[PDB]
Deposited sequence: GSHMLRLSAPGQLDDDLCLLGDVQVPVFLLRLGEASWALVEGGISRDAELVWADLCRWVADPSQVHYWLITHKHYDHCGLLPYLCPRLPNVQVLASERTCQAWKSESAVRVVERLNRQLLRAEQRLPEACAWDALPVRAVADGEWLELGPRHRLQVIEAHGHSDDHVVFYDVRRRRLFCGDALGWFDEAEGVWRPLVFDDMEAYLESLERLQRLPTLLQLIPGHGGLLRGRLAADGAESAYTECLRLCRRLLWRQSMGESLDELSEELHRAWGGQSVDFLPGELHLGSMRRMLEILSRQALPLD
């Protein structure tokens, strides 16, 4: 579709999509000899993303930054496998995201979920320890001076997860929004909410993101780049779709429907029977509905 760029390769003068559009890694060209990556993908894509990267970057020591929106397994799975191959990279993540990588139990969930995505054929590259990643914690509101033409602000955007941040390039009216708006369903053309931590924070984050200067490019954690009206109206539409889901929940609960019943229905109606993102399955759908039920 015209308003959505969802193919691997070049997306803008400074911007490329690496790997699988469902779990993409974005490549920013910061200068003649300087690059950044945005989003951290899934572990099993290490060699695919590496192969794509080397088509654009002849010298991987020129990759200087890796920006991470949140701790979910599908947004940091590549780090232990590709960081050893990027000797100059600095991983930029929020305080709470960095904390997840020094938690034994959290690292265990991330690795189990990523291992489930391995094909029987493949073996992962040699990994460095999660607590040995070259990370620099970034704070809410901090300006990331990545290069002479790349200045991105860190914006706290909790609610999808308790650590989630977004990255705003105001020069380009470009927002890397992770999962904070949900999952864009390219079938129906609408956002599907992904409220896995706190509904009030998720909605509050979307209110603040609507107050940004009008977006030209909106780049979520899954599905590629959105432009035109999809970017300009994205945060508002995601807010609307979350309220719409709340109302549907309260409607059907008050007709005696159990959450498991509605979890099944919604999972079906959104296409769950590799269409939905890996993080939106019956169990996590059930978790989101639980969260919305409690906060309403």
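Missing C-alpha runs, given along the deposited sequence, first residue counted as 1: Model skips 1-2, 276-277, 301-304 of the deposited chain.
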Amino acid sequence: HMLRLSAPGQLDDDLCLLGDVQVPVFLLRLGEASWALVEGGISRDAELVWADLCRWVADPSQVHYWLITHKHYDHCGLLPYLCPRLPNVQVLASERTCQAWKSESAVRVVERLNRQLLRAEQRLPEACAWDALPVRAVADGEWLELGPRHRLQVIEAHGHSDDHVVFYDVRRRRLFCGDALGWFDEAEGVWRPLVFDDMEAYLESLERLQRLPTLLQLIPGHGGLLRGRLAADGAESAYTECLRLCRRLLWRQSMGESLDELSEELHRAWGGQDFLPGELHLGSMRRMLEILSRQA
From here on, numbers count along this sequence of modelled residues.
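Selected stretch [higher average CA B-factor]: 106-114 or 169-177: Of 169-177 and 106-114, the stretch with the higher C-alpha B-factor average is 106-114.
For the stretches 248-256 and 47-55, which has the higher mean C-alpha B-factor as given in the deposited record? According to the PDB entry, the answer is 248-256.
Which has the highest CA B-factor per the PDB entry: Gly159, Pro213, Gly223, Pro148? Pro148 has the highest C-alpha B-factor of those listed.
Highest Cα B-factor in the deposition, which of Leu194, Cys128, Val190, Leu218? When the deposited C-alpha B-factors of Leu194, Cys128, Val190, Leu218 are compared, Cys128 is largest.
Among modelled residues of the same chain, the CA temperature factor third for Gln122: For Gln122, whose C-alpha B-factor we compare with every modelled residue in the chain, the answer is the highest third.
Taking the chain's C-alpha temperature factors as the reference, tell me which third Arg268 falls into: lowest, middle or highest. It falls in the top third of the chain.
Third of the chain, ranked by Cα B-factor, where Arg85 sits: For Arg85, the deposited C-alpha B-factor lands in the middle third.
Can you tell me which third, lowest, middle or highest, the CA B-factor of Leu30 falls into for its chain? Its C-alpha B-factor belongs to the middle third of this chain's values.
If you rank every modelled residue in this chain by C-alpha B factor, which third holds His72: lowest, middle or highest? As the PDB entry reports it, the C-alpha B-factor of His72 lands in the middle third of its chain.
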